[PDB]
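Source file: query39.json; contents: JSON, C-alpha atoms.
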[["chain", "number", "residue", "atom", "x", "y", "z"],
["A", 5, "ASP", "CA", 131.82, 230.26, -81.83],
["A", 6, "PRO", "CA", 132.20, 226.57, -80.81],
["A", 7, "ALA", "CA", 135.76, 227.14, -79.53],
["A", 8, "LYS", "CA", 134.79, 229.79, -76.96],
["A", 9, "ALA", "CA", 132.32, 227.50, -75.18],
["A", 10, "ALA", "CA", 134.74, 224.54, -75.30],
["A", 11, "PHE", "CA", 137.62, 226.38, -73.61],
["A", 12, "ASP", "CA", 135.24, 227.68, -70.91],
["A", 13, "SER", "CA", 134.15, 224.15, -70.01],
["A", 14, "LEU", "CA", 137.76, 222.87, -69.92],
["A", 15, "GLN", "CA", 138.77, 225.74, -67.65],
["A", 16, "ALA", "CA", 135.90, 224.97, -65.27],
["A", 17, "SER", "CA", 136.81, 221.26, -64.99],
["A", 18, "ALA", "CA", 140.41, 222.23, -64.25],
["A", 19, "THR", "CA", 139.31, 224.67, -61.56],
["A", 20, "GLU", "CA", 137.36, 221.87, -59.84],
["A", 21, "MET", "CA", 140.22, 219.35, -59.85],
["A", 22, "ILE", "CA", 142.56, 221.93, -58.38],
["A", 23, "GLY", "CA", 140.06, 222.18, -55.54],
["A", 24, "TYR", "CA", 140.22, 218.44, -54.85],
["A", 25, "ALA", "CA", 144.04, 218.46, -55.00],
["A", 26, "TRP", "CA", 144.31, 221.15, -52.31],
["A", 27, "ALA", "CA", 142.16, 219.04, -49.97],
["A", 28, "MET", "CA", 144.43, 216.04, -50.31],
["A", 29, "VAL", "CA", 147.68, 217.99, -49.85],
["A", 30, "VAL", "CA", 146.46, 219.51, -46.61],
["A", 31, "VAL", "CA", 145.80, 216.04, -45.14],
["A", 32, "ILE", "CA", 149.11, 214.44, -46.14],
["A", 33, "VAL", "CA", 151.21, 217.47, -45.11],
["A", 34, "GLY", "CA", 149.26, 217.73, -41.85],
["A", 35, "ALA", "CA", 150.44, 214.25, -40.89],
["A", 36, "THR", "CA", 154.05, 214.58, -42.05],
["A", 37, "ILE", "CA", 154.53, 217.75, -39.96],
["A", 38, "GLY", "CA", 152.58, 216.23, -37.07],
["A", 39, "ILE", "CA", 154.93, 213.25, -36.75],
["A", 40, "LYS", "CA", 158.03, 215.42, -37.15],
["A", 41, "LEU", "CA", 157.06, 217.69, -34.24],
["A", 42, "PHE", "CA", 156.02, 214.80, -32.02],
["A", 43, "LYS", "CA", 159.46, 213.21, -32.45],
["A", 44, "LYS", "CA", 161.24, 216.53, -31.81],
["A", 45, "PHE", "CA", 159.39, 217.77, -28.75],
["A", 46, "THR", "CA", 159.32, 214.39, -27.01],
["A", 47, "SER", "CA", 163.11, 214.27, -27.22],
["A", 48, "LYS", "CA", 163.64, 217.80, -25.92],
["A", 49, "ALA", "CA", 161.12, 217.37, -23.10],
["A", 50, "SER", "CA", 162.68, 214.20, -21.69],
["B", 5, "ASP", "CA", 144.04, 213.66, -31.89],
["B", 6, "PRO", "CA", 146.67, 210.84, -31.77],
["B", 7, "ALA", "CA", 149.30, 213.16, -30.24],
["B", 8, "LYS", "CA", 147.25, 214.04, -27.14],
["B", 9, "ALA", "CA", 146.86, 210.41, -26.09],
["B", 10, "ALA", "CA", 150.53, 209.63, -26.83],
["B", 11, "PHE", "CA", 151.91, 212.41, -24.62],
["B", 12, "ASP", "CA", 149.56, 211.37, -21.78],
["B", 13, "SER", "CA", 150.91, 207.81, -21.82],
["B", 14, "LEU", "CA", 154.56, 209.00, -21.90],
["B", 15, "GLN", "CA", 153.93, 211.30, -18.97],
["B", 16, "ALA", "CA", 152.38, 208.44, -16.96],
["B", 17, "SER", "CA", 155.36, 206.13, -17.57],
["B", 18, "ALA", "CA", 157.72, 208.89, -16.46],
["B", 19, "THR", "CA", 155.72, 209.49, -13.30],
["B", 20, "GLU", "CA", 156.04, 205.78, -12.40],
["B", 21, "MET", "CA", 159.83, 205.61, -12.93],
["B", 22, "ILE", "CA", 160.30, 208.66, -10.76],
["B", 23, "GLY", "CA", 158.51, 206.71, -8.05],
["B", 24, "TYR", "CA", 160.96, 203.81, -8.31],
["B", 25, "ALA", "CA", 163.97, 206.16, -8.30],
["B", 26, "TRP", "CA", 162.90, 207.80, -5.02],
["B", 27, "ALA", "CA", 162.72, 204.37, -3.36],
["B", 28, "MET", "CA", 166.27, 203.52, -4.33],
["B", 29, "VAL", "CA", 167.73, 206.88, -3.26],
["B", 30, "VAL", "CA", 166.22, 206.58, 0.19],
["B", 31, "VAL", "CA", 167.95, 203.20, 0.75],
["B", 32, "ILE", "CA", 171.41, 204.21, -0.48],
["B", 33, "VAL", "CA", 171.39, 207.58, 1.34],
["B", 34, "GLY", "CA", 170.08, 205.91, 4.50],
["B", 35, "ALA", "CA", 173.21, 203.75, 4.61],
["B", 36, "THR", "CA", 175.73, 206.45, 3.71],
["B", 37, "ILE", "CA", 174.49, 208.71, 6.54],
["B", 38, "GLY", "CA", 174.16, 205.72, 8.88],
["B", 39, "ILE", "CA", 177.83, 204.80, 8.55],
["B", 40, "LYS", "CA", 178.96, 208.42, 8.84],
["B", 41, "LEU", "CA", 177.18, 208.91, 12.17],
["B", 42, "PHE", "CA", 178.35, 205.58, 13.56],
["B", 43, "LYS", "CA", 181.97, 206.56, 12.88],
["B", 44, "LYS", "CA", 181.49, 210.03, 14.41],
["B", 45, "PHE", "CA", 179.63, 209.17, 17.59],
["B", 46, "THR", "CA", 181.78, 206.17, 18.47],
["B", 47, "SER", "CA", 184.83, 208.43, 18.39],
["B", 48, "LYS", "CA", 183.29, 211.17, 20.54],
["B", 49, "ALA", "CA", 181.89, 208.67, 23.06],
["B", 50, "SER", "CA", 185.20, 206.90, 23.70]]

Before we go any further, please render this structure as structure tokens.
Amino acid sequence: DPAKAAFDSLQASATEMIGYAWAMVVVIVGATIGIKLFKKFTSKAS
Amino acid sequence: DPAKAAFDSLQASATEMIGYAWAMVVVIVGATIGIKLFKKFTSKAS
């Protein structure tokens, strides 16, 4: 069955991209939250 | 880590200003107490 094989391959490619997307999100969100806390704690401390 | 360095610098600046503030306080308070004692002892002496 040609269709079975095809869908399997598609689903594997998708799985890989999702992997790369998670990596990126973690970096961007890391920085956003980083800056937010730096601004907040500096103010309270002083 | 960008945050570590940043907080260090802030804390150094603060330490310096506190230094300058102590200098000023010592001058102003020196004079306030000076005048108070001059008024008091002159009265008792006479």

Can you check which parts of chain A lie within 10 Å of chain B? Per residue, the shortest pair of atoms and distance in Å to one decimal, counting all atoms listed in the file, sorted by chain and number, as a tab-separated table.
residue	atom	partner	partner_atom	distance
A:38	CA	B:7	CA	8.2
A:39	CA	B:7	CA	8.6
A:41	CA	B:7	CA	9.8
A:42	CA	B:7	CA	7.1
A:46	CA	B:11	CA	8.0
A:50	CA	B:18	CA	9.0

Two-atom distance - atom CA of residue B:47, atom CA of residue B:29 (Å):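 Result for atom CA of residue B:47 versus atom CA of residue B:29: 27.6 Å, one decimal.
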
Straight-line distance linking atom CA of residue A:13 with atom CA of residue A:31, stated in Å to one decimal: 28.6 Å

Atom pair atom CA of residue B:9 / atom CA of residue B:27: separation (Å): 28.4 Å

For stretch 30-34 of chain B, take all atoms listed in the file, fit an axis-aligned box around them, add 6 Å to each of the six sides, then output centre and edge lengths in Å rounded to one decimal, as lines of an AutoDock Vina configuration file.
center_x = 168.8
center_y = 205.4
center_z = 2.0
size_x = 17.2
size_y = 16.4
size_z = 17.0
